[PDB]
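Alright, here's a single protein chain in two forms, structure 1 and structure 2, each given by itself as structure tokens.
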Structure 1
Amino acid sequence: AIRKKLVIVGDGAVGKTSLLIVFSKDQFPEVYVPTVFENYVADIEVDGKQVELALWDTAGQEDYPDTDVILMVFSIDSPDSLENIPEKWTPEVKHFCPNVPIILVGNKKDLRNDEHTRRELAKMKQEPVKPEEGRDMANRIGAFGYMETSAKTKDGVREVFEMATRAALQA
């Protein structure tokens, strides 16, 4: 139960790299945190077990070895990114990583009540994603869990990688 492979997917600019950075910076002893994550190994202890979590980021390859857990990310400031969860990312991962557990991640939750974000979205007849919309989507796609994060304030980040690790440990 030591080596587990995590892949993070979702629309461009939802914060996938930022989430990996925050998680990797949280490691102690401190290590150099890169800008690219491809089989990057981070150590984590969850519950009892020490785990080597190999991180794979798909930033730059959104428009195009067996994985243990998927972080599937949308952004709270982008209802478009949430709609791509059922229409694009879930079909893709279920074709290529069937039976791999999915954690649905709503990132940028620090923008839910941000006035600038709300007015830009208003010009599109859109509003920030509501928490229950995230939970419904997670239910609809059969996700192992749903979490809201902010890579900016770091809230939720540690918890989502803990949840991802438990899912990888249970298969």
Structure 2
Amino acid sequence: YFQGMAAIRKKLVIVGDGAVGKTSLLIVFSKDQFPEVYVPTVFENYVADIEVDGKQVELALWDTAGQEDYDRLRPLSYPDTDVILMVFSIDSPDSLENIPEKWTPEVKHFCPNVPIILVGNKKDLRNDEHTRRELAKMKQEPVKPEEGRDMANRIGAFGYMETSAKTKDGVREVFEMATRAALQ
């Protein structure tokens, strides 16, 4: 008896360093497409339909960015948030360092009791030869899975998830988990 069942409305906010792939993640989830050209700073206003554990959910997707007006509209994004996606890039150890240094303090300040899913995006670059060579000149290497999991443990995240928006792998499961968290 699913027909006519009222949908549940929930709000998701996605944050993280510039160029880690926040907007690309939202477009892959919403449209089942990895865009490569003409991608905006933030994804269009979007409410996604998702069915999880038998519940019909309408999930509002709030994208954020990091300069000028976006520095100001970002803190205004947090009211009434039900789940946070906090993103770093596996090809950027620096973006992972900003998880405890910047993003977790900001989210705890404005969204104290809201579940956080820590997302390591660009997992397709972990074993990319060119990426590994560029990071090697800085004596760095791509983030290891256990390093992402460790950071998720440290910040009390609802979960740790890895994605490639480029291949689309893992993206559905991130938003399914976020929806389960939002329903809590």
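Whichever C-alpha set is largest while still superposing within 1.5 Å between the two forms counts as the rigid core. When a residue number appears, read it as a position in the sequence of structure 1, where counting begins at 1. Only residues modelled in both forms are compared.
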property: Rigid-core-referenced C-alpha movement of 2 Å or more between the two structures, selected from 50, 126, 113, 27; result: 27
property: Core-aligned CA displacement of residue 136 at least 2 Å between the two structures; result: no
property: Large Cα shift (2 Å or above) at residue 41 between the two structures, core-fitted; result: no
property: Rigid core superposed, the C-alpha shift at residue 94 between the two structures in Å; result: 0.2
property: Core-aligned Cα shift of residue 59 between the two structures, given in Å; result: 2.6
property: Mobile segments between the two structures [3+ consecutive residues, each C-alpha shifted 2 angstroms or more, core superposed]; result: 26-39, 59-64
